[PDB]
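Take a look at the structure below.
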Amino acid sequence: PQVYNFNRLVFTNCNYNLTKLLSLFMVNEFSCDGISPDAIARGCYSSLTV
Amino acid sequence: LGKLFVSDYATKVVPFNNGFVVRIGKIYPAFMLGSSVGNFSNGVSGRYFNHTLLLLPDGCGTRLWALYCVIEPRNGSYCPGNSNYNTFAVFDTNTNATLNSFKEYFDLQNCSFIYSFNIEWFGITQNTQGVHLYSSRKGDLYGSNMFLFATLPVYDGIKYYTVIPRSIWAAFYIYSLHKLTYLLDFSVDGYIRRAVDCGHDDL
Amino acid sequence: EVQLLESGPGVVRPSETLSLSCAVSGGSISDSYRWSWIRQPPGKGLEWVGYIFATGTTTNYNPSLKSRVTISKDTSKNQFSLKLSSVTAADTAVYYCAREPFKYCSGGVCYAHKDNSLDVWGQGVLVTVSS
Amino acid sequence: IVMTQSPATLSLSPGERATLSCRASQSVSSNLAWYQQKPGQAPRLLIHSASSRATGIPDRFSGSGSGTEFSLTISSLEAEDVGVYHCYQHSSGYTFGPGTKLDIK
Amino acid sequence: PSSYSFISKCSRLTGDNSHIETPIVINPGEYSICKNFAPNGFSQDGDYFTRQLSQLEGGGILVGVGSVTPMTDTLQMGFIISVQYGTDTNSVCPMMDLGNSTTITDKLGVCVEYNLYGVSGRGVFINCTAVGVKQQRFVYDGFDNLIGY
Amino acid sequence: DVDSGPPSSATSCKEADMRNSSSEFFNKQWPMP
Amino acid sequence: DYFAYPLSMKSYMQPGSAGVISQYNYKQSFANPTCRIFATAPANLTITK
């Protein structure tokens, strides 16, 4: 969808293959605050909002 | 059964700021939470546009349906889409008892999800991660602390809720939640049995 | 249906301002996208004079008019008027009240493109500059 | 911009395949209309897109074209159709065409 | 999609002769009130929308305008990712092979690196009488430090 | 996407007796702060 | 440390990337005052594509 009608996914109790997601998409620019992308890849968290 | 004995709850619309907590008792409250609210074709207030969240107890108190649908008022007699319309209520005569009554008034279309929870205090809050339902049943039954038992993928900010009348003096009280500071006393077993509201008074 | 009769003088002296009044008789001012003025010198093609938004005070004009034109609306009397200043013999024409309609007004939502073709016109009042 | 209409004074006969033509200085995004003006009458709209016919217009009218070239096509040359046909564009500014002219023989 | 589109104006026109144009803005993480006009996307640039807000919405006329930009050769997406720590008994973990579930009966009293349901660290595990709530898997102290499991 | 069950076949809705808060049946207060 | 690198993938060389460049190709060391530079070689000089 468009920016103003964005879809939100919340994950709580699941496992996901971050290698698969990054193999598909090609990042052009990322800017993180309070966490790094590699930190997401190497650790667990109580929730993930996309 | 004859005519239904109900109240004005179906027409009143009240804000949903920070959520509410409900004291039960036995009967279970029925709610209609939505974002955009207007009025029907008869001028009676209480129409919810777009996706609306329904919390409908069912199964003689053994189930709590959770629906996120678009309710369309049917144009039959005594129904919300007719010239004559007083109120809508959910009545008993079956695990689909109160749900069938609701479908007699509205037609459910584009239901994103339908959930059933097998089942006091009840409470609902909304956050960036969705609508959270809390209940004291997940903890000790004799206790009053509410525990999370359902996270619902409803991400549009709910701004209004309506208590749906029910026709089976069971009374329940709804209290508003606020971003307060509290002093919670956890015992050895972990449950809270004594609290202080810091902003209540000076002491 | 909306019918747009307009009223004003027919003879305007040089440098004296020209005022016309077009009152709408079907619906209201607030049931349309924007209301516009169109002129046509005798045998010289049509010409766009400007328009006024039905909601809001935003207005646009023909740049060839040197900002001599002020078109306002008054919802109380259900009319929108036109003022052209410093009138000349070269400005004599017939002025057509116009309307730009919504594509649909359903529910409580009216949707119109950024620029639409004029749909319902008035009869037109013929002015002249002389002495 | 500067619109134009080619066939100037295209007199006709009852029953034809009358084809007008209106060309723009630059391409318009199909935002071209057709208007018909009887002698001493407010202009009456015909089409509000490339070929989007408007309400009340008899089916015999069907324009065509996009970008820089357009046309208005009439076959049944009925006496209630003799007159003047402007072309209006709202893609850039708001301007009207030179104006055609038709008559019987 | 057909084309990229976004809201350019979302204002409340108040009353009188609509001479006050108050813009309605959003809060971080929230949706816009003008998204209900063209939820699937704006058809053309500069589309105009109007709506009559009821008394339950502040009153006035809600004017919405959207803008449309052409689609690119490759679809370009935008992501906003947020995480939370310590707000659940379970966790979301990536496909990291930590190994296999081990036992602490042979390691009581010895400092061992642990990763328990997404919560990781080092500590000494000692058999104890149950305190705290059972379903709440973790017992934290007054400083958000794990003291029971 | 959920099926939500078959649409209801009831031709008409059931009449409900409307009572305002001023009625003695629902005006009874049992405070529970 | 110089190498050929497309400008479209310059995001994969930022500190903290989870992509394949950091894991398997190059990871910048921040033990010394360092700068990362992406540029374009001269068109008709001795540098051969």
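Each chain carries a letter (A, B, C, D, E, F and G) given by its place in the written order, and its residues are counted from 1.
Criterion: contacts are C-beta pairs under 8 Å (C-beta built on N, C-alpha and C of every residue); 3 or more make two chains touch, one makes a residue touch a chain.
Think of each touching pair as a link: the shortest run of links from chain A to chain D has 3 of them.
Of the two chain pairs examined here, B-F and A-B, the one linked by more C-beta pairs in contact is B-F. Using the mean of the Cα atoms as each chain's centre, the chain most removed from chain B is D.
Among the chains present, the centre nearest to the common Cα mean is that of E. If each chain is reduced to the centroid of its CA atoms, chain D and chain F end up 62 Å from each other. Per-chain CA centroids place chain A at a distance of 11 Å from chain E. A separation of 54 Å divides the Cα centre of chain C from that of chain F. Looking at chain A, one finds that residues 12, 18, 28, 40-41, 47, 49 touch two or more other chains. Each of the following residues of chain C touches two or more other chains: 115.
Counting partner chains per residue, chain D has no residue touching two or more of them. Per the contact rule defined earlier, chains pair up in contact as A-B, A-E, A-G, B-E, B-F, C-D, C-E.
Contact residues on chain C toward chain D in their complex (touch as defined above): 45-48, 96, 115-119, 121-124. Taken in their complex, chain B has these residues touching chain F: 3-8, 23, 67, 69, 74, 76-79, 82, 86-89, 91, 96, 99-100, 103-105, 107-109, 111-114, 165, 167, 169, 171, 173. Residues of chain B that touch chain A in their complex: 128-130, 151, 153, 155.
Chain A contributes residues 8, 10, 12, 47, 49 to its touches with chain B in the complex. In the complex of the two chains, the chain E residues touching chain B come out as 29-31, 36, 54, 56, 82, 84, 131-133, 135-136, 139.
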